[PDB]
Amino acid sequence: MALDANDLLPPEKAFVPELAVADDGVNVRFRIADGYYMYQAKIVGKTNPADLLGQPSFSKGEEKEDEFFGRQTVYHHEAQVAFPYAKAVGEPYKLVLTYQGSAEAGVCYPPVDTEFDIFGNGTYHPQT
């Protein structure tokens, strides 16, 4: 609310995950602090009842080269992924998202995994 950027805040509030269920799939977007960045390759996000969903569709970010991973795509703030359905089903499914990155200042924190239960609602958030 005051900063919403830099490494002045913890890795908990530094990221604002948001779920959005659709009729043709599920979309998840997480706002990362300007002082943090997650590697597209390190980031994970899959939603389905039993591996039914097709494949993830990253929203694309910015490619950069470093020594903490090398030359790969990462996010400096915007990080959303599309999960297009691959099978017709009216039953509930499970979603697993994993975030992992470092602070633009020069900090390396551990990965954070979060599961979201989808059963009709649209918007979903972690009860942590």
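Residues numbered from 1 in each chain as written, not as in the entry; some residues may be left out. Heavy atoms only, no water.

- Per the PDB record, this model was obtained through solution NMR.

A closer look at the sheet that holds strand β11 (residues 107-108)
For step 1, the next point in the chain: Reading across the sheet, the five strands line up as β6-β7-β3-β10-β11 and stay open at both edges, with antiparallel pairing between neighbours. The open sheet is flanked by β6 (62-65) and β11, the only strands paired with a single partner.
For step 2, the next point in the chain: In this structure, β6 lies alongside strand β7 (residues 71-75), joined through four bridges in antiparallel fashion. By the bridge assignment, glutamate 62 is partnered in β7 with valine 74. (Pairing = 2+ DSSP bridges. Helix = DSSP H or I, 4+ residues; strand = E, 2+ residues; numbered from the N terminus.)

Things to note about the nonpolar core
For step 1, the next point in the chain: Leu19, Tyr36 and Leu97 are the most contacted members of the largest nonpolar core, which has 26 residues in total.
For step 2, the next point in the chain: Broken down by secondary-structure element, the contributors of at least two residues to this core are β1 (15-21), β2 (25-32), β3 (36-39), β8 (80-84), β9 (93-99) and β12 (112-118). (Core = buried A, V, L, I, M, F, W, Y, C linked by side-chain atoms within 4.5 Å. Buried < 20%, exposed > 50% of the residue type's maximum accessible area, 1.4 Å probe, protein only.)

Observations concerning the packing of aromatic side chains
For step 1, the next point in the chain: With the rule as written, the count across this model stands at eight aromatic pairs.
For step 2, the next point in the chain: Site record: aromatic cluster; members linked through ring pairs are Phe15, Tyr36 and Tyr109.
For step 3, the next point in the chain: For the cation-ring pair, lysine 42 lies above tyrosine 39, with the distance from its terminal atom to the ring centre recorded as 5.5 Å. (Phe/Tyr/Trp six-rings, centres within 6.5 Å; stacked < 30°, edge-to-face > 60°. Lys NZ or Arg CZ within 6 Å of the ring centre and 35° of its normal.)

Quick word on unusual backbone geometry
For step 1, the next point in the chain: The backbone of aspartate 4 sits at a positive phi, close to 65°, despite the residue not being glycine.
For step 2, the next point in the chain: With respect to the secondary-structure elements, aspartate 4 resides in the segment before β1.
For step 3, the next point in the chain: Residue class for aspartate 4 comes out partly exposed when judged on its relative accessible area of 33%.

Considerations on the sheet that holds β2
For step 1, the next point in the chain: Ordered by their spatial adjacency, five strands build an open sheet running β5-β8-β2-β1-β13, and the pairing between neighbours is antiparallel. The open sheet has two edge strands, β5 (57-58) and β13 (123-124), and neither has a second partner.
For step 2, the next point in the chain: Relative to β8, β2 runs antiparallel, the two sharing five bridges. The partner of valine 26 across the bridge, within β8, is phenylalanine 83.

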